[PDB]
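Note: hydrogens, waters and symmetry copies are ignored here, and every other heavy atom, side chains too, is used. Numbers here simply count residues along the sequence, with the first being 1.
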Amino acid sequence: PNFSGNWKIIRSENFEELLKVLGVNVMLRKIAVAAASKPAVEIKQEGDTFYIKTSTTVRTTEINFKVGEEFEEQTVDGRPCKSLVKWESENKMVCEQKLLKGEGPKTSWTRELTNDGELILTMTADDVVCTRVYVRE
Ligand SMILES: CC1=C(/C=C/C(C)=C/C=C/C(C)=C/C(=O)O)C(C)(C)CCC1
């Protein structure tokens, strides 16, 4: 699979609900939800090596990882974590996250390329799942 490209969002479900489970307060949620509705996403893939940049007016994240090798990033609400990505299937990667310090909901994320050429991102916090769908610009 080739995840490479500049992606634009076409659907977002359950984002605020995910933030609620993570403990983000009402006003911060309001800010986050508005900014997250129009992200600029850039993915560069070279084999099993990935670079993913997600940008919004209030927060930009850039992660670099190799599938199967542990790395450090942050949860959606901004807490440091150790992550490990694996191929669940040929077109789907799954990432398990572990908080470096403290306790909180168990979080994870998955990215998959669908048969129609789109990209589905899921983010999980305990039992709440956020689903976002993108298409290349
Ligand atoms: C949670 C949160 C914040 C914003 C988060 C944003 C904006 C997340 C965007 C995620 C995207 C854009 C994911 C994707 O689509 O891959 C701010 C900075 C207000 C601080 C309080 C907690």
Side-chain angles (χ1 to χ4, degrees):
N2 177 38
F3 288 82
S4 296
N6 293 290
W7 302 85
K8 64 184 302 294
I9 196 174
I10 58 168
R11 177 191 293 276
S12 179
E13 302 278 349
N14 238 21
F15 189 60
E16 163 147 4
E17 290 80 353
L18 177 79
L19 295 185
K20 229 191 288 292
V21 170
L22 295 175
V24 180
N25 78 36
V26 181
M27 280 103 155
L28 282 172
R29 274 200 252 113
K30 183 183 169 182
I31 296 175
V33 171
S37 72
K38 46 176 165 57
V41 180
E42 175 179 69
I43 299 181
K44 298 175 183 176
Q45 175 187 2
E46 250 284 283
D48 285 345
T49 300
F50 290 82
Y51 162 82
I52 301 183
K53 182 185 200 187
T54 306
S55 174
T56 68
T57 52
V58 307
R59 176 165 166 86
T60 290
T61 61
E62 297 178 68
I63 61 176
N64 288 278
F65 64 86
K66 171 152 174 55
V67 182
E69 291 183 23
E70 190 171 281
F71 69 107
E72 213 180 280
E73 58 171 343
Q74 287 184 338
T75 59
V76 201
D77 63 313
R79 302 172 301 207
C81 64
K82 281 294 185 171
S83 291
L84 173 66
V85 183
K86 298 182 175 183
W87 288 112
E88 180 182 287
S89 60
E90 185 177 26
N91 300 295
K92 181 175 183 185
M93 61 181 82
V94 175
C95 180
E96 178 176 50
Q97 302 176 324
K98 156 195 174 288
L99 290 177
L100 291 183
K101 302 161 303 297
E103 266 98 21
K106 181 49 188 64
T107 59
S108 58
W109 61 252
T110 71
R111 281 186 169 86
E112 67 188 296
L113 283 182
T114 55
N115 284 129
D116 56 3
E118 299 175 359
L119 175 65
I120 298 179
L121 163 72
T122 77
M123 291 182 281
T124 300
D126 280 334
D127 262 75
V128 170
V129 184
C130 169
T131 305
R132 322 247 287 170
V133 185
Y134 309 74
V135 69
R136 285 186 191 85
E137 286 194 78

A side-chain contact here means heavy atoms from C-beta on lying under 4.5 Å apart; do [X] and [Y] qualify?
X    : Y    : answer
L99  : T75  : yes
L22  : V76  : yes
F71  : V85  : yes
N6   : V41  : no
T124 : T107 : no

ask   = Tell me the salt bridge (charged side-chain N to carboxylate O under 4.0 Å, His left out) pairs involving residues 101-129, sequence neighbours left out?
value =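 Counting only pairs at least two positions apart or across chains, no salt bridge (charged side-chain N to carboxylate O under 4.0 Å, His left out) contact touches residues 101-129.
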
ask   = Does anything in residues 82-99 pair up under salt bridge (charged side-chain N to carboxylate O under 4.0 Å, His left out), and if so which pairs, sequence neighbours excluded?
value = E72-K82, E88-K92

Counterpart residues, side chain to side chain donor-acceptor pair (under 3.5 Å), relative to [X] (two or more places apart):
X    : answer
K38  : none
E17  : none
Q74  : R59
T110 : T122

key: By salt bridge (charged side-chain N to carboxylate O under 4.0 Å, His left out) - contacts of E62 (at least two apart)   = none

inquiry  = Please enumerate all residues that pass salt bridge (charged side-chain N to carboxylate O under 4.0 Å, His left out) together with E42, with sequence neighbours excluded.
reply    = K44

request  = Would you sort out whether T60 and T54 count as a side chain to side chain contact (heavy atoms under 4.5 Å, CB included), showing the intermediate values?
outcome  = CA-CA 6 Å; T60 290; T54 306; over 6 Å; no

query = Quick one: side chain to side chain donor-acceptor pair (under 3.5 Å) pairs with a partner in residues 128-137, sequence neighbours left out?
reply =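 Passing the test, one end in residues 128-137: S12-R132.
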
message = Please tell me whether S83 and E73 have a donor and an acceptor in their side chains that are separated by less than 3.5 angstrom.
response = yes

Using the rule that two of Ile, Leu, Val, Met, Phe, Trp, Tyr join whenever any of their side-chain heavy atoms come within less than 4.5 Å, decide whether [X] and [Y] are in one cluster.
X   : Y    : answer
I9  : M123 : yes
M93 : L113 : yes
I52 : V133 : no

inquiry  = As a quick check of understanding, evaluate side-chain hydrogen bond (donor to acceptor under 3.5 Å, both in side chains) for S108 and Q97, giving each step before the final call.
reply    = CA-CA 6 Å; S108 58; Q97 302 176 324; over 6 Å; no

message = The test is side chain to side chain contact (heavy atoms under 4.5 Å, CB included); show your working for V135 and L119 and say whether it passes.
response = CA-CA 6 Å; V135 69; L119 175 65; over 6 Å; no

message = Please give me the minimum heavy-atom distance between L18 and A125, naming the atom from each residue.
response =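 Between these two residues, the closest heavy atoms are CD1-CB, 3.6 Å.
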
Anything under 3.5 Å between a donor and an acceptor, one on a side chain of residues 24-35, the other on a protein residue two or more places apart or in another chain? List them.
{"unit_1": "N25", "atom_1": "OD1", "unit_2": "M27", "atom_2": "N", "d": "3.2"}
{"unit_1": "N25", "atom_1": "OD1", "unit_2": "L28", "atom_2": "N", "d": "2.9"}
{"unit_1": "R29", "atom_1": "NE", "unit_2": "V24", "atom_2": "O", "d": "3.0"}
{"unit_1": "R29", "atom_1": "NH1", "unit_2": "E16", "atom_2": "OE2", "d": "2.7"}

message = How long is the straight-line distance from CG of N91 back to CD1 of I120, given to the nearest 0.5 Å?
response =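 These two atoms lie 11.0 Å from each other.
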
task = Could you pull out all residues at least two apart from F50 that satisfy ring pair (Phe, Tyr, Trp, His ring centres under 6.0 Å)?
result =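 Result, ring pair (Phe, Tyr, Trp, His ring centres under 6.0 Å) vs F50: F3, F65.
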
inquiry  = With ring pair (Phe, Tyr, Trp, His ring centres under 6.0 Å) as the rule and sequence neighbours excluded, what pairs involving residues 72-93 come up?
reply    =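 Residue pairs with at least one partner in residues 72-93: there are none.
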
request  = Could you tell me whether the side chain of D48 and the main chain of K66 form a donor-acceptor pair under 3.5 Å?
outcome  = no

